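Below is one structure, written out as structure tokens, with a few remarks after it.
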Amino acid sequence: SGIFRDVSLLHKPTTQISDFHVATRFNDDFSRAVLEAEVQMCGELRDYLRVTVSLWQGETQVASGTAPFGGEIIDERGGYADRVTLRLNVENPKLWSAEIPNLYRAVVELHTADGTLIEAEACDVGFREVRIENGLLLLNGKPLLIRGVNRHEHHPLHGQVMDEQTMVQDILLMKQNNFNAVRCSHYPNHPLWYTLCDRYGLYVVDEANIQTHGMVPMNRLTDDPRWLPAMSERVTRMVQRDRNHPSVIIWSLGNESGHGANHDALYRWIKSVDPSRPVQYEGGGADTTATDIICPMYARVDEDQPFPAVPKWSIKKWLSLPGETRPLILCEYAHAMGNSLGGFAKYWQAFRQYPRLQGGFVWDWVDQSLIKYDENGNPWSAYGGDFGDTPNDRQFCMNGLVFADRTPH
Amino acid sequence: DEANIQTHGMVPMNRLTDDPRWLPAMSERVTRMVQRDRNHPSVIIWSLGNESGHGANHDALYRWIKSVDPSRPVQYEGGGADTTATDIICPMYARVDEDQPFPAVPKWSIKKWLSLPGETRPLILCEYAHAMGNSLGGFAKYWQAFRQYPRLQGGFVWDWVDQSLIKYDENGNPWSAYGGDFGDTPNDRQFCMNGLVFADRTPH
Ligand code: NA
Ligand code: NA
Ligand code: NA
Ligand code: NA
């Protein structure tokens, strides 16, 4: 507990940019793109107010557009007087991917007609399309093979406080070991994480801070309409924050909270506000109406585990169940606890052979051990139960591919 | 129930079946079969023939049966076992786990075949487990997969009975004869004997 992320002060003008959304649409062979930027304002509307959106490739301006406020008519009562949408044509765009993280810079200027700047906001833009077609997750028209890992925010000394150096160290080690994807298990991350994933090139699953694993049954809160407000906030405010990051390719509704009606509602909310990213969620059997991707945890390659209500089928078998058409990407697989990763090769042989088996996220990146000091003041790695907490679950917090200090297993 | 159409020797295999000038002759082999056997409850599936590639004539005759008799699925293996002329993915000698990616007409692993992008059909092998001589090694592997995968709904072994004929030597004692023993040339050795039983119905 505590104040474990940054505290800051921000000064905005009274007349201000209050929100902006960046979209990139493409023609059939990705040789032409349109950058669409919706900008919202707060404060007093004046006829002399303007928004300029410029796009930059390094130091070279590729496009620019200016418009006064006033959106298109949307219903009987007119449109948004406090909004404007700018559209910029981009020929032969340099496309973003984990392989080549090509980035542009979009600059949003709020100003007056005479050219006096009020304020500016900006973001990194990655020209990429994410879609599921014919049962395959495609990035820029090509089927992904997810070499992923789950990564909690953990430091052996500072706990759940994250820093740039630790983040960069993780990304370098991940990419040096042929990972191209990360799952934010199980919450929105420190804001810098996404910036670094944009720039270094990693596919991100951004996950709402909703886990109710201790509930009996697991969906007791998530099927309760009285908990829909609280859950909606955890999903909506995540999307509102992170929607402009190119590295985020998939939204997740949370983790291990069963499957409730609130999941279906919030699944639809995201599909409505952001059609650019698939939505996934594992709860309630990994293949519910709240997920675009079959995303089981610890389903085996060839071996069925036919649990009541929530079976974990063989991943090869799961794909071809009567009526099933979706891609399968394990949200968690290959539990890396201690001397482990036995049978890891069996997954990858299956991933390569089966088009619709598109990889998964290893559990997990780093051991969640903390440093304690003995009678002599010497450091040692401590797990659950070493701090005096009871009931505890012993060494079950250490399931990482790297030690807490980032030394490889 | 399978139409009397096989053009396996053609190069390519669909040379006749894609030729509209052969549609009349092909149509009669399909239509007159349906007209004869359509009241038999034992017949659950119509087949358009065997090893004749995939031509436009198959598509037309597929549709003819569907219009005339909606009560039975239509299958056909030619042209890669999953063409627009078949309701059932019906390969011959597709293996359980091992892909055989031949150009144009691959024989995928049957488990893999089911979940190819956009694929939804049942898979039943029109021919599998070639029982030529000392054979049927790996038969258990098919049956384990059939039982595990709902949409793997079995197959038809090749085949029932050795196609050997009775010849008599100098003493008048009978012996089982195959291709080449009747002076026939060119012949293909003992490839006519792929049966689970001998010609006299004694089990292998
Ligand atoms: Na794959
Ligand atoms: Na754990
Ligand atoms: Na079956
Ligand atoms: Na034969």
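I'd like to know which of A:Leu266, A:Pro217, B:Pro73 lies farthest towards the positive end of the charge dipole of the protein assembly as shown, counting +1 on Cβ of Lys and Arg and -1 on Cβ of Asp and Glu.
It is B:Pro73.
Rounded to the nearest 10 degrees, what's the angle between the helix A:191-200 long axis and the longest principal axis of chain A, both from Cα atoms, 0 to 90?
Compared with the principal axis, the helix lies near 90 degrees.
Where the centroid of each part is defined by its Cα atoms, how far is region A:52-90 from region B:92-138 in Å?
About 55 Å separates the Cα centre of region A:52-90 from the one of region B:92-138.
Which of the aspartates and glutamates could be linked to B:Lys111 by a straight reach, that is with a Cα gap under 17 Å, when you skip same-chain ones fewer than 8 residues away?
A:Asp302, A:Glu303, A:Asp304, A:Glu324, B:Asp82, B:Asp97, B:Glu98, B:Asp99, B:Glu119, B:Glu127
Can you list which of the trypsin sites (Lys or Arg not before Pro) found in region B:104-196 are DSSP loop residues with at most 10 other C-beta atoms within 10 Å?
Here the sparse-neighbourhood loop sites are B:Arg189.
List the GluC sites (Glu not before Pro) within region A:284-343 that DSSP assigns to loop and that have no more than 14 neighbouring Cβ atoms inside 10 Å.
A:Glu303
Viscosity 0.692 mPa s, temperature 37 °C: give me the Stokes-Einstein translational D for chain B in µm²/s, with Rh taken as the Kirkwood radius over C-alpha pairs.
174 µm²/s
For A:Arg46 and A:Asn89, compute 0.36 nm times the residue count separating them, minus their Cα-Cα distance, and round to one decimal in nm.
Extra length available between A:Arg46 and A:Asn89 comes to 12.7 nm.
Compute the distance in nm between two label points, each set 7 Å from the Cα along the Cα-to-Cβ direction, one at B:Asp181 and one at A:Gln240.
Those two pseudo-labels are separated by 8.7 nm.
Under 18 Å from the Cα of A:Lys142, which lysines turn up, not counting those fewer than eight places away in the same chain?
Hits, sequence-local ones excluded: A:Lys94.
Compute the distance in nm between two label points, each set 7 Å from the Cα along the Cα-to-Cβ direction, one at A:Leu192 and one at A:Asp389.
Distance between the two pseudo-spin positions: 2.5 nm.
Where the only charges are on Cβ atoms (+1 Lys, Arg; -1 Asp, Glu), what is the dipole of the protein assembly as shown about its Cα centre, to the nearest 20 debye?
Using only the charged Cβ atoms, the result is roughly 660 debye.
As a test of the formula, what do you get for chain A when each DSSP H run with n ≥ 4 contributes -39,500 (n - 2.57) and the sum is divided by the residue count, at 222 nm and rounded to the nearest 500 deg cm²/dmol?
Theoretical 222 nm ellipticity from helices: -5000 deg cm²/dmol.
What dipole magnitude, in Debye to the nearest 20, does region B:13-126 give about its Cα centre under +1 on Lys/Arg Cβ and -1 on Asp/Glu Cβ?
Rounded to the nearest 20 debye, it is 300 debye.
Between helix B:23-37 and chain B, what is the angle of the helix's C-alpha long axis to the longest principal axis, kept within 0 to 90° and rounded to the nearest 10?
Between the helix axis and the principal axis of chain B, the angle is about 80 degrees.
For B:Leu48, what charge total do you get from the other residues with a beta carbon under 10 Å from its beta carbon, if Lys and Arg give +1 and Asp and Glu give -1?
Charge balance near B:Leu48 sits at -2.
If you place +1 on the Cβ of every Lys and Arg, -1 on the Cβ of every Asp and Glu, and leave all else neutral, what size is the dipole of region A:113-160 about its Cα centre, to the nearest 20 Debye?
My answer is approximately 540 debye.
Return the whole-Å distance between the Cα centroid of region A:337-390 and the Cα centroid of region A:151-176.
If we compute the Cα centre of each part, the gap is 14 Å.
Within 10 Å of each candidate Cβ there may be at most 11 other Cβ atoms; applying that plus a DSSP loop requirement, which chymotrypsin sites (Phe, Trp or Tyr not before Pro) in region A:1-81 survive?
Those satisfying the criteria are A:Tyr48.
How far is it, in nm, from the label point at A:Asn376 to the one at A:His409 when both lie 7 Å from their Cα along the line to the Cβ?
2.8 nm
Any idea which of B:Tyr128, B:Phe102, B:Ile89 is furthest toward the positive side of the dipole for chain B, if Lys and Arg beta-carbons carry +1 and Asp and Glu beta-carbons -1?
B:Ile89
We place every Cβ from the backbone using ideal geometry, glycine too, and count neighbours over all the protein chains shown. Here, each number is a calculation from the coordinates, and none is a lab measurement.
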